[PDB]
């Protein structure tokens, strides 16, 4: 029998308003073969940290790895000080406590290491967790909300394992250029698991947690997916799609119908991306089996989900140009491999800016991620974004063309705890396709 889909623990504050995350190495089993793996509160992956908008919490982070790491909250609008980029080193055995004061809409964000030059490796070893942000608005909506029953996180990741069963990761020249990818697909750490889903609506919180592999979700019998949310939260209304491309580090929440008899698979369809159509990803590849069950179901598909603000006039907005490049081993932005002691520029706090990110000059896929914000895509690789990508995003496709995003940073980031903007193809990031920027002013 297929293993059941592991469900990350939905982790809330304790009585002292704290959350403990312990980073550790342990063992996992894949295809009957044990492997050393890393996890948060466990041997692999991590919990779903549940936060409420407007309610500050403290997170105590205990690094019990023998090596240093950082803990970055991907998609969270937080000050640079708690952003957990490459300057937020947690030494081995170290502890760091951060205050998260969430001030953004309900969304599924995530967290992962951001160690300079080792982000790819540390994610590959198993470290990743989720952040479930709720607010008053979403809780009014009657969406499926039984965690691990009809509201299910789906963290999809490939890994490359050596013949000894261990995770095989080396940042060699090939891996640096094309990315780290493998022939084994995991769904919350499990190979082709099954999920028992109540008849009615099933909500999947999809995260592409791969280092380098882009995905394209569909169902085996071509029943539609109704996209209800993107990286930064709810769409205004559901967007019905037959397939759903998801770039590295992107989240989408979809609703899918479950009718009593027919089990079906969520699958990923072959993508046009260097390395990624190699077997077994040359064909539609199962991600997980949905098995209908006859237990109580908590939700439906609302006709309207939220509001999206109108895009503002662009006149007078600061424009920033970011040129991605790959000059062999050296991956760069504006002709510079990432320099931790030199932020490329100082962004304004609380002001819309237009950032123009170009991948002209190479044909590789660069999902470009900007810390400290949820932005609106104005142009995605030469076209206005698709309906389901037109809301709140922290990632924009850059692939041989030019993208334009409308960003606003609500929180300070000084030069000592700067925000990152980078390609989220982790091997590019680690080999220099990243820049630091500050937001606001600062005086100590």
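Note that the rigid core is defined as the largest set of C-alphas that superpose within 1.5 Å between two forms. Numbering follows the first chain given and starts at 1.
- RMS Cα deviation from the shown model in 6 other deposited structures of this protein, rigid core fit, is larger for 293 to 301 than for the other stretch of the pair 331 to 339 / 293 to 301.
- Where the structures in 6 other deposited structures of this protein are fitted on the rigid core, 258 to 266 is the one of 176 to 184 and 258 to 266 whose C-alphas sit farther from the shown form on average.
- The PDB entry reports B-factors from which the mean C-alpha value can be compared for 324 to 332 and 225 to 233; the larger average falls on 324 to 332.
- For the pair 84 to 92 and 271 to 279, the record assigns the higher mean C-alpha temperature factor to 84 to 92.
- Remark: residue 15 belongs to the highest third of its chain, ranked by C-alpha B-factor as recorded.
- Ranked against the other modelled residues of its chain, the C-alpha B-factor of residue 49 as given in the entry falls in the middle third.
- In this PDB entry, residue 32 carries a Cα temperature factor that places it within the highest third of its chain's modelled residues.
- For residue 116, the recorded CA temperature factor ranks within the highest third of the chain's modelled residues.
- When the CA B factors of the chain's modelled residues are split into thirds, the value for residue 397 lands in the middle one.
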